[PDB]
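Proteins get letters first, then strands, A, B, ... in listed order; numbering begins at 1 in each. All heavy atoms count here, side chains included; hydrogens, waters and symmetry mates do not. In each ligand, atom 1 is the first atom listed, and ligand 1 is the first ligand listed.
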2 protein chains.
Amino acid sequence: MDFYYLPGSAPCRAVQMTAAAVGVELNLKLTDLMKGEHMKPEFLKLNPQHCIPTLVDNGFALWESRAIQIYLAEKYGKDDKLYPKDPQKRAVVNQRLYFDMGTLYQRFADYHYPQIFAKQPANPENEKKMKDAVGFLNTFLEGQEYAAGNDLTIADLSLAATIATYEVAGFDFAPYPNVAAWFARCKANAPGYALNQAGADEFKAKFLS
Amino acid sequence: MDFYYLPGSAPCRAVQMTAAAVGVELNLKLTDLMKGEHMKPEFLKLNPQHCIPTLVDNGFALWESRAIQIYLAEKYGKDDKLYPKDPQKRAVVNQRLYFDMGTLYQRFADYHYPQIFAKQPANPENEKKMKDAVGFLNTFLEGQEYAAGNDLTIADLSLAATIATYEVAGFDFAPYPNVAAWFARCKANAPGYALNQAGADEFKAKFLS
Ligand SMILES: CCCCCCSC[C@H](NC(=O)CC[C@H]([NH3+])C(=O)O)C(=O)NCC(=O)O
Ligand SMILES: CCCCCCSC[C@H](NC(=O)CC[C@H]([NH3+])C(=O)O)C(=O)NCC(=O)O
């Protein structure tokens with residue numbers, strides 16, 4: 001299974017942890033967006049949206065990190081706890097996954113990427129929105145061990161990939177004890193977290209330091 | 001199943017078509033965001049993220065339209081006619097769902113929201129990104145009957161709710177023959193499309209006055 005990615009990319013790291021969780025080996029294919037590698041004719045033929053992470057499992061090309069996460073869990077996952085089949089349980093995991101992309105990561109990106117890449121002035125309004133995003137997560141975690149319940153799921157892996165990027169960016173998690181508590185839990189229990197930690201650090205040294 | 005919504009909302013319309021497709025009746029509860037009704041104490045207790053659509057199926061509160069769509073298909077859907085169980089086929093639908101949220105609808109909002117709710121001038125740069133999104137969809141449809149294959153899936157319902165909004169917004173689909181055709185097939189085969197058409201027409205209440 002070919003895995004086009006970059007350790008610095010949160011969505012890419014979510015997949016790396018998920019692949020570890022299901023014991024799947026990934027053929028790592030570094031794809032430096034900063035060198036336009038995602039725009040090579042070869043990559044465009046596999047993915048016309050030219051984005052990472054992109055997975056190629058025996059000819060089947062797939063992108064959108066969370067779709068890849070689900071695919072791995074359902075196809076190679078032997079334990080139902082990662083992505084439970086119960087509709088209600090699965091619904092909370094799916095809501096959490098969409099929350100991660102459309103709210104948590106999105107607000108992070110909106111607030112930071114303009115500063116990091118375009119060297120533009122920080123936006124106070126977006127900073128407040130980013131904070132509110134973390135607050136929503138703090139609330140979901142109230143009285144729970146993990147994001148979608150008491151079992152570690154792919155939602156936690158996606159959320160961890162994002163939060164680690166937050167941490168490195170310098171977010172102050174003090175006002176959110178549930179998040180802090182859950183984040184520490186993931187570091188200790190999340191399969192392949194080492195890769196997530198390594199990716200966030202690489203992000204810090206390459207585009208933050 | 002209490003359905004907190006507004007017809008003008010694309011994500012809400014996506015759920016209405018999906019419920020029509022699964023044969024589930026929704027107890028409609030209009031939630032006028034413009035009046036802060038979503039910020040009402042009681043709603044907040046059901047969904048701290050104060051957003052629509054929000055469904056409450058016999059006490060189980062759930063938001064994020066696409067998570068709701070999947071929940072409805074798996075729990076009440078027959079013959080998985082809208083959401084195949086096959087891992088690979090399901091992955092495409094899921095990737096299509098994430099594309100709808102993070103790219104097609106997201107860029108729509110990015111371009112229109114500031115103009116609609118901040119009456120700010122139109123950002124030509126963001127209009128271009130919005131156009132490329134439709135372009136990605138046009139490519140995905142290359143030689144395909146529907147977004148993720150030959151069968152209409154919840155992906156098509158989500159994409160059609162988003163595209164119906166693009167249409168009433170005056171977007172020009174002439175340069176995207178695959179989208180125009182697909183979209184036509186959706187107006188004619190998507191269960192509950194009439195609700196999508198009506199809600200979209202209502203949305204113009206944000207494009208007129
Ligand atoms: C530079 C190192 C840090 C990168 C941080 C952003 S992740 C890279 C980016 N990919 C995405 O944003 C993926 C988002 C998608 N919703 C997912 O979950 O996979 C990309 O390929 N962007 C290029 C493109 O889409 O053209
Ligand atoms: C008012 C008519 C036009 C509405 C257009 C936007 S849809 C309403 C908006 N909801 C969303 O954006 C939901 C997005 C979510 N990703 C989903 O798919 O459900 C909301 O509740 N926003 C308020 C909030 O989040 O507080």
Please state whether the rings of A:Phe140 and A:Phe99 are parallel, tilted or perpendicular, taking 30° and 60° as the class boundaries. perpendicular
For A:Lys128, check salt bridge (charged side-chain N to carboxylate O under 4.0 Å, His left out) against everything at least two apart and list the hits. none
Does the structure place the NZ or CZ of A:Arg90 under 6.0 Å from the centre of the six-membered ring of B:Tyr71, at an angle of no more than 45° from the ring's axis? no
Plane angle bin for B:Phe203 and B:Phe207 - parallel if under 30°, tilted between 30 and 60°, otherwise perpendicular: perpendicular
Can you pull every nitrogen or oxygen pair between ligand 2 and the protein closer than 3.5 angstrom?
unit_1, atom_1, unit_2, atom_2, d
ligand 2, 10 (N), B:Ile52, O, 2.8
ligand 2, 16 (N), B:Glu64, OE1, 2.8
ligand 2, 18 (O), B:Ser65, N, 3.4
ligand 2, 18 (O), B:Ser65, OG, 2.7
ligand 2, 18 (O), B:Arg66, NH1, 3.0
ligand 2, 19 (O), B:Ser65, N, 2.9
ligand 2, 21 (O), B:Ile52, N, 2.9
ligand 2, 26 (O), B:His50, O, 2.9
ligand 2, 26 (O), B:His50, ND1, 2.7

Ignoring hydrogens and angles, tell me if any N or O in the side chain of B:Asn47 forms a donor-acceptor pair with the backbone of B:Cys51 under 3.5 Å. yes
Show the atoms of ligand 1 that are less than 4.0 angstrom away from any heavy atom in A:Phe207. 1 (C), 2 (C)
Within the 4.5 Å heavy-atom criterion, are B:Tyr166 and B:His112 side-chain neighbours or not? no
